[PDB]
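Each chain, letter by letter, is given below.
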Amino acid sequence: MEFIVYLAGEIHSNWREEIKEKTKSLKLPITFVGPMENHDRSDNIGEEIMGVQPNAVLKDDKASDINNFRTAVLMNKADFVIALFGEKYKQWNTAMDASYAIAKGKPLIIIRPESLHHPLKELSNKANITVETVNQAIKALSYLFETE
Amino acid sequence: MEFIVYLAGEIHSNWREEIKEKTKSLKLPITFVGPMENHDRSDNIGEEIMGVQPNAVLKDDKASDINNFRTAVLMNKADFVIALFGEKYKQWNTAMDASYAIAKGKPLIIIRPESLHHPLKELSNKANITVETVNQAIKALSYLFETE
Amino acid sequence: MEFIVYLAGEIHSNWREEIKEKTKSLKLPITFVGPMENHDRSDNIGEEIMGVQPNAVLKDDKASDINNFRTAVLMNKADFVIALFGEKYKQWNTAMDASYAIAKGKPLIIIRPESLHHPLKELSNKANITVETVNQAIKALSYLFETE
Amino acid sequence: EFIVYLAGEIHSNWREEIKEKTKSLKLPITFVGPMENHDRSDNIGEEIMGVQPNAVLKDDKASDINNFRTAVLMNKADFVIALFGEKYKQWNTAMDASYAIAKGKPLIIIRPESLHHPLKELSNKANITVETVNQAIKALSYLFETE
Amino acid sequence: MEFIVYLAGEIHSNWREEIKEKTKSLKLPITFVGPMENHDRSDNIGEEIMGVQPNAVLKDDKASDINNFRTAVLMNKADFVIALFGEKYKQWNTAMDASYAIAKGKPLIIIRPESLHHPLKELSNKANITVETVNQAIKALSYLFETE
Amino acid sequence: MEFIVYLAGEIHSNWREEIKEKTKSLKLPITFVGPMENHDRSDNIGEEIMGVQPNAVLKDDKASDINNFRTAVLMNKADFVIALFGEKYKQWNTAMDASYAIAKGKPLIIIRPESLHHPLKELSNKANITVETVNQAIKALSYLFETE
Amino acid sequence: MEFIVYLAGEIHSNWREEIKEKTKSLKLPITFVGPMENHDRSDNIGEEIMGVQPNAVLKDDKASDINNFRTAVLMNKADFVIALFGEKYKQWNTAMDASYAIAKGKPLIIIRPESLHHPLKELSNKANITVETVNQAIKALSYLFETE
Amino acid sequence: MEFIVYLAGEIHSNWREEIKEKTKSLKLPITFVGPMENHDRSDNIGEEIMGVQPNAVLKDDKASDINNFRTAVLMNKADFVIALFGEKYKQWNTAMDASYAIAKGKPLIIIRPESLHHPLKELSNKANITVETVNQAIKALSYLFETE
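X-ray crystallography is the method the PDB entry states for this structure, with the resolution given as 2.10 Å.

In structure tokens, the structure reads:
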């Protein structure tokens, strides 16, 4: 069968592309989905679609109307979820998608550097797998389909 | 990936054909489903399948037997829902479909003229996206498959 | 045992007090919950908590945050739902709540005048019981506990 | 009776304000939440199952117990109040609010307007986003108000 | 710890009194609920509330609106179900309720005379316990609370 | 837009082939599933697989182990259900399958002669559509994909 | 608030009594439920209630009808579960109950000696808490109500 | 119409390839999934992905992070489950996956020697089908698709 996998995380690095390229090398039957990766497009889609809001709290809420729509639709298609944390930014959006995955019973892989273990401890304790590198998560993905 | 989208709303006007045409113009992988769009067919289907009924309430209730079957079966295929409100007709069928999507965790876009913001304020507050025109909806549909 | 019943509908008339009085007159083990029945309080609760807003759509949305929080919390306590429709106002909020109850499997009584049956036909077809008056709904409530 | 989970950082005593103000109004709400003693909460893992080979494992075994307690009390809660501050990563707070949204429990978020952007997706999914406890209390009183 | 138990079956005889009597002799913490047991009232309750119907099919459907509302509400309170089949009548309603219990994860005891084993074979195979008499179902209920 | 449909009802006669042929002629995107239609094989599959049993109850229960396995696996594939009742045989299995469909939210069509309206009143009341004939059911299936 | 806790594990010893007294000593708001603790009674209840059976397998199956009924009813009351494994007996029933609690979202504490960690690795990995002793379990229970 | 079937059981023997070969010879539309069948790979996958662990308990728990991830992901894909028990090894993981199938509504065939009926009585009572051999289980699989 084929798998759909949601990639939750901060869009500022190209961590997702790397996942997508190493997976294709191994020819795994996995299709990845996730949020809009352009940070500028993502912050402004609210005004782009529903007109320039007067204040900044309304500009973000309008953009979140659209981005939460995209996330809900793709998450509903996702068989399981991979969420990556990094040392920069609040990343409450990432914790939200990860916790959503767990709450809905979608298996979750968390990718995180060990130096962030303490603030992630409740979330990683709930995850199926916590690793520190994309390379480790790839090995977990390969093991899904291996025969020996 | 393919998506199935239920178009909820009044069948008196031909608003769904704008949505279908435009979406196909962008080649989004979206199949639309919805109610029987022929108002005279839809009102009379109960008496067409079963016979003429003793009175008007029972003519509507039999047509509803058939129409609520169609909408349940298609809505069960639907990944998300778009519901449009116009300024004519009671449209409690439209509110019932929108609120159903919400209740079942299907993402919901509402289309409604700003002039109807107050009678819809509870329902738009619960939907994922509330816009004013079909073109604004199309933009949100495209943002689902956009890379930038 | 005890039952919690959500009375959904127009807060412009006083049908709810009629249901509560006749239920207490029969001494049924039923408690009634429902929305804020003061329309001006309800329309304005958003500004009363979160301060006055830049426009009327935003003022209505903020009031809907609070009123949908009260509705959600109280619906989650309701064993079943009575929804009354009247001749005046869109009542898209009434259709919403009744549809919510159907979608969640909460038994539902609709009270509606025969003259609105056609616009309510799909929704009434889905409810457990549709009746024209409050006295009728009270007889179904009483039948719940009757022994002969 | 309503059981309400208070989610958020345990370093400060914001929960103490809500409980006191809610009791003044005589609202029929009973409050539940995590262990509020931070040192207890960080060491409960080692307290029950013994010292761990490293810090990660120390934090993991503590999460067994703390995630047990939260699951159990969350399962009793009718709805949730999550508070965010300017201090700490607060990923546990975001986890609990998201969990409430996923399970259809209504959610109030208390958060200062300065944190509006990092919280944008989360507050968008909450029922109510307010800035102060006093506003949350008004939403709560409104649950039982008649006029 | 108390339990609510729905007693589904033909109302045409008095098996439910035997169950309630023997349970109270044992002082078990169980409250029973069930359909209206006066057959003529149950048949006529549709017209009692919504007036004489145009034909017998409509008279039975209106009665079914009310009896199924009563069944849904009481069933929603019940922790588990006891369903009794006898030799008289079609009893398609009894199989409906028993099957409803199974589908909803409600433990089910079926009481049926061995004479009826073959037409009941699929249903009794899905029930937790299938016995021949009320006394056997009573011993099941006692075993729930026993200590040795 | 393919639909799997479970055909519940007595296996002694050949009503399913008429539905299957008439559907294929109209070219509807529907595949049908159902129980083993050979009555002798269906009564004996318990003893064929699990071996000769000591008595006729055990023979019927082992047959039901297998038949309820097949019904559950195919029911789980099914988008909706057609259940047909006739005048011969108990048909408690038909009531079981139809009630299961309704409990799990599968839309349901009941086909039953008007002379059986009374014993089936609760069950037809819960079904989406209750018709008298196979050709009526087909008209409802056609309506699913009709555009005008 | 009250908590109901299912105690799963072998019925050959009296480890449950240790849990019940130490929890009583501490005055925790916890009521414990569990299977019939008398093995001879537990093994023969099938024959006690239904006939003596043709063979050992049917004796065990009939006993399990009643025991799985008690388990399902009591489990349905339980907020969470404690399962204890020991060095004797197959204890597949124990693994059953623990897996069921995991699968239904019921928090689960597992007590197992370190010598059984390898054969229990999958199950303990899924549990909320794995400890070696009853005393460790009681510390987890007390942490539920502790204020410092 | 195709089915995915999880093969739960001990990964020391090759019982599974017997099921897969005979199924293929019969050309049934069934694709089988299951855990990693190589025992040494399975025990060490935790250290292989995540590094050598401080002790055997942690080596087993890291392996179980990975193995339970595989099991959750494939089980979410499975329509039904076949579990085989033999006389060797603790097989609590087999009981775990079998109970999981029951708890999630996935149909279940258990294969177990009659000599193990007593320790398996509760689990076997809840399975759809319990047989002694792979050949009997194949007769059940084939009955699923049979026309006579």
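Draft legend 1. Expanded view of the overall build of chain D. Along chain D, the regular secondary structure elements total six helices and five strands. For chain D, the N- to C-terminal ordering of α and β elements is β-α-β-α-α-β-α-β-α-β-α. The C-alpha atoms of chain D give a radius of gyration of 16 Å, which matches the 15 Å a tight globule of 147 residues would have. For chain D, the spread of C-alpha atoms along the three principal axes comes to 60 × 35 × 25 Å. Sequence separation of at least 24 residues holds for 65% of the intrachain contacts in chain D that already meet a minimum separation of 6.

Draft legend 2. Just the relation of the copies chain C and chain B, in detail. When chain C is fitted to chain B, the best match, at an RMSD of 0.2 Å, comes from turning it 180° and sliding it 0.0 Å along the axis. Classification of the inter-copy transformation places it as that of a two-fold axis. Of the interface residues in chain C, 94% have counterparts in chain B that sit at the interface too, so the contact is made through matching surfaces.

Draft legend 3. Expanded view of the sheet that holds strand β3 (residues 80-84) of chain C. All names here are of chain C. The sheet built from five strands is open, its strands ordered β2-β1-β3-β4-β5 with parallel pairing. Looking at strand neighbours, the two that pair on one side only are β2 (30-33) and β5 (129-131), the edges of this open sheet. Neighbouring strand axes in the sheet, compared pairwise and without regard to direction, differ in orientation by 20° on average. As paired strands, strand β1 (residues 3-9) and β3 are joined by five bridges and run parallel to one another. Across the sheet, the residue bridging to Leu-7 is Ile-82, located in β3. Taken strand by strand, helix α1 (residues 15-26) contacts β1, β2, β3 and β4 (108-111), and its axis lies near 155° from that of β1.

Draft legend 4. A look at the arrangement of the chains. At no point do chain A and chain E touch; the closest pair of C-alpha atoms across them sits 20 Å apart. Separated throughout, chain C and chain G approach each other most closely at a C-alpha pair spaced 17 Å apart.

Draft legend 5. Geometry of the interface of chain C and chain B. Every contact between the two is made by 35 residues of chain C and, on the other side, 34 residues of chain B. Viewed at the interface, chain B and chain C are joined by two salt bridges. Salt-bridge contacts for C:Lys121 lead to B:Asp43; the nearest nitrogen and oxygen are separated by 3.3 Å. The tally of links between chain C and chain B comes to 24 residue pairs in polar contact. In terms of residue count, helix α3 (residues 56-75) of chain C provides more of the side of chain C that touches chain B than any other element does, nine residues in total.

Draft legend 6. View of the side chain of G:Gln53. Residues and elements named next belong to chain G. Mapping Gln-53 onto the fold places it in the loop between α2 (39-49) and α3 (56-75). Owing to a relative accessible area of 15%, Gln-53 belongs among the buried residues under this scheme. At a separation of 2.6 Å, a polar atom in the side chain of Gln-53 contacts the main-chain carbonyl oxygen of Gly-51. Contact partners of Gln-53, with chain neighbours within four places excluded, come to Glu-47, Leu-58, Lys-59 and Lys-62.

Draft legend 7. Highlighting the environment of E:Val33. Its place among the elements puts E:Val33 in strand β2 (residues 30-33). A relative accessible area of 9% places E:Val33 in the buried class. Here the alpha-carbon distance between E:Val33 and E:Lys88, two residues 55 residues apart in the chain, equals 22 Å. Residues contacting E:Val33, with those up to four places away along its chain left out, are C:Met1, E:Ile4, E:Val5, E:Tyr6, E:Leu7 and E:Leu74.

Draft legend 8. Just the pairing of strand β3 (residues 80-84) of chain B, in detail. Residue and element names in this part refer to chain B. Among the five residues that make up β3, five are buried, leaving the element largely enclosed by the rest of the structure. Burial along β3 is two-sided: the residues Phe-80, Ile-82 and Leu-84 and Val-81 and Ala-83 are all buried. Of the strand pairs in this sheet, β3 and strand β4 (residues 108-111) are connected by four bridges, and their pairing is parallel. When the sheet's bridge partners are listed, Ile-82 is paired in β4 with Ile-109. With helix α4 (residues 92-103) bridging β3 and the parallel β4, this β-α-β connection has right-handed handedness.

Draft legend 9. Representation of the pattern of salt bridges within the structure. Using the criterion set out here, one finds 67 salt bridges over all chains in the structure. In this structure, B:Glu17 and B:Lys20 form a salt bridge, with 3.5 Å as the shortest nitrogen-oxygen distance. One end of the pair is B:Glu17 and the other is B:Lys20, both in helix α1 (residues 15-26) and three residues apart, which spans about a single turn. B:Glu17 sits in the partly exposed class, given a relative accessible area of 34%. A salt bridge links E:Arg41 to E:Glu48; its shortest N-O distance comes to 2.5 Å. For E:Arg41, a relative accessible area of 18% translates into the label buried. Overall, the relative accessible area of 37% leaves E:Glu48 in the partly exposed class. Through salt bridges that share partners, A:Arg41, A:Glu48 and B:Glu146 make up one connected network.

Draft legend 10. Geometry of the pairing of β1(C). Residue and element names in this part refer to chain C. Among the seven residues that make up β1, six are buried, leaving the element largely enclosed by the rest of the structure. Pairing analysis gives four bridges linking β1 to β2, with the strands arranged parallel. Its bridge partner lying in β2, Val-5 is registered against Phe-32. In this fold, the crossover linking β1 to β2 by way of α1 has right-handed handedness.

Draft legend 11. Fine view of helix α6 (residues 134-145) of chain F. Of all the 12 residues making up α6(F), nine are buried; the element is thus mostly covered by neighbouring parts of the structure. The set of residues buried in α6(F) consists of F:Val134, F:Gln136, F:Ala137, F:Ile138, F:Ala140, F:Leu141, F:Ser142, F:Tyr143 and F:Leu144.

Draft legend 12. Focus on the environment of E:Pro119. By secondary structure assignment, the location of E:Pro119 is in the loop between β4 (108-111) and α5 (121-126). Expressed as a C-alpha distance, the spacing of E:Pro119 and E:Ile45, which sit 74 residues apart in the sequence, is 31 Å. What E:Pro119 contacts, discounting residues up to four positions off in sequence, is F:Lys90 and F:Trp92.

Draft legend 13. Structural view of a positive patch on the surface. The grouping of A:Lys104, B:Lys104, C:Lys104, D:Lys103, E:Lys104, F:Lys104, G:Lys104 and H:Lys104 at the surface amounts to a positive patch. Mapped onto the elements of the fold, C:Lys104 is located in the loop between α4 (92-103) and β4.

What counts, and at which threshold
Residues numbered from 1 in each chain as written, not as in the entry; some residues may be left out. Chains lettered and ligands numbered in written order. Heavy atoms only, no water. Residues with missing side-chain atoms left out of burial classes, pairs and counts. Helix = DSSP H or I, 4+ residues; strand = E, 2+ residues; numbered from the N terminus. Rg over C-alpha atoms; globule rule 2.2 N^0.38 Å. Contact = heavy atoms within 4.5 Å. Least-squares fit on C-alpha atoms. Pairing = 2+ DSSP bridges. Axes fitted to C-alpha atoms, helices over the stretch in contact; angles between N-to-C directions. Salt bridge = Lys/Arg side-chain N within 4 Å of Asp/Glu carboxyl O. Polar contact = N/O pair within 3.5 Å; in protein donor to acceptor, adjacent residues only side chain to side chain. Buried < 20%, exposed > 50% of the residue type's maximum accessible area, 1.4 Å probe, protein only. Right-handed = clockwise from strand over helix to strand, strands pointing away. Patch = residues over 30% accessible without salt bridge, like charges linked within 9 Å, V, L, I, M, F, W, Y side chains within 5 Å. Areas by Shrake-Rupley, 256 points an atom, 1.4 Å probe, with all protein chains shown as cover. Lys, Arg positive; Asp, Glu negative; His and termini not counted. Charge placed at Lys NZ, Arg CZ, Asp CG, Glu CD.

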